[PDB]
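Structure 1 and structure 2, given next as structure tokens, are two forms of the same protein chain, each shown alone.
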Structure 1
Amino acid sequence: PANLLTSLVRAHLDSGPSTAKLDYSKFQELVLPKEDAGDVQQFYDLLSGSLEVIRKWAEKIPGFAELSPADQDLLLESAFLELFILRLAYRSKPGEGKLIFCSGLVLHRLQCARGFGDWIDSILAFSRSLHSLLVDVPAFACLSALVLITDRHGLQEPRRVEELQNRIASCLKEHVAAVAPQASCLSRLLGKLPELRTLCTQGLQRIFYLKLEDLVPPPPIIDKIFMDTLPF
């Protein structure tokens, strides 16, 4: 934990692009001059691309594959939006308006604005605030795991999810104490989780709006996540 910390950092670093793998071939800060089908389809494709990456990342968190398969799927589905946002916010460069996606694709905020709507600006504000905390890679590797491994309604073994969460939280608390015994830093960090939930709602609102408009249908897996996480 110890070894837990190292496994978390490794899972985190293998789930995203190397700086050498960054792809700038579509990046344009100048967009010439309401959303259309190509904007909506790119929104859905960026969302979809993270899905398979996040699922592989989760399998590398020690103890996750030892949860029931029904609990794994519920935890993944429920956290998907928040993880997409958190990992995007941490990878991106909000000073420059640059969004960096898990494939390595780099886009300017103005290239995403029509598909994402105002949500992309909220994400970039959360990204600037995340960056001011100067969260180091091991701290991030625990925070993101804590977003996934958390209480959700319908869990078969809620105490086992809580034990794994406590292990990760303890691992984080120890790392933040060691790099600085002691928790104000820690409380500032954990304070990002509620804001993240609020941003996930904004994403659900954007997906609802696009489903209403109906230019291009959501891909089935995103659509199921949207429908499965609607508490009505």
Structure 2
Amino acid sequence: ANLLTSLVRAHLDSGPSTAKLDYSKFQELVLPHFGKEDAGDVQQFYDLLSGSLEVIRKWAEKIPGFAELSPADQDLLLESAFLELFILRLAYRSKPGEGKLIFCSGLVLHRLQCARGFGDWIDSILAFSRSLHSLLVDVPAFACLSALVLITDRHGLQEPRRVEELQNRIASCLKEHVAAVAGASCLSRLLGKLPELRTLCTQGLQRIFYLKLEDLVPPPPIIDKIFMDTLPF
């Protein structure tokens, strides 16, 4: 499809390549102090979230149909899927067999260097990464899946039908791809790990909560809004 192709093109451009990969800050051993954290750690965690939202936003803008949705709805979909997309993209691009977190900017960091800012949450993501990797999801299948996480019903959409339309479009594109390379199943197996993912988002909210409590540095505003809008109260 030209669609599939546009999805893959959007996806690949939204992450880095082996070249663009940044070992400038990477250290294979750091001796941190567990269960505590300073302002640098907290800022870097927030900055990694921020930059991921910026990248995810540009990625979404290249999904055909997405940019013509209402602004409100664009924001709503992005904000509602952000954490879920952050984790999924992180898990898919990282290298858990080496303890390597690879973020969308190309920044590579070791699990121990992420321990301070992220807490447990980073270990939990790596476990998810390993589990997502054992499914062997190829790039076009993934390029579709990720878009379907974004383009989905959310409460408060102004034009849910347009969203549902686009959702169907992308579903068909995926279905078609997984038929073409076969020559319902992997999918049921994929959906099997969604609870891991729902839990992982939850861990993210808890970690933001905790850091907000700590208040060493204030969250960026859009991250802060997402945190708050996600809360049912």
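For numbering, take structure 1's sequence and count from 1. Shifts are known only where both forms have a C-alpha. In this text, the rigid core denotes the largest set of C-alpha atoms whose superposition between the two forms falls within 1.5 Å.
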key: Displaced position between structures 1 and 2, chosen from 54, 61, 164, 189 (C-alpha, 2 Å or more, rigid core)   = 189
query = With both forms put on the same core, how far apart in Å are the CA positions of residue 40 between structures 1 and 2?
reply = 0.7
query = To one decimal place, what C-alpha displacement in Å is found for residue 225 between structures 1 and 2 with the rigid core superposed?
reply = 1.3
ask   = Which residue ranges, three or more long, have every Cα moving by 2 Å or more between structures 1 and 2 relative to the rigid core?
value = 189-198
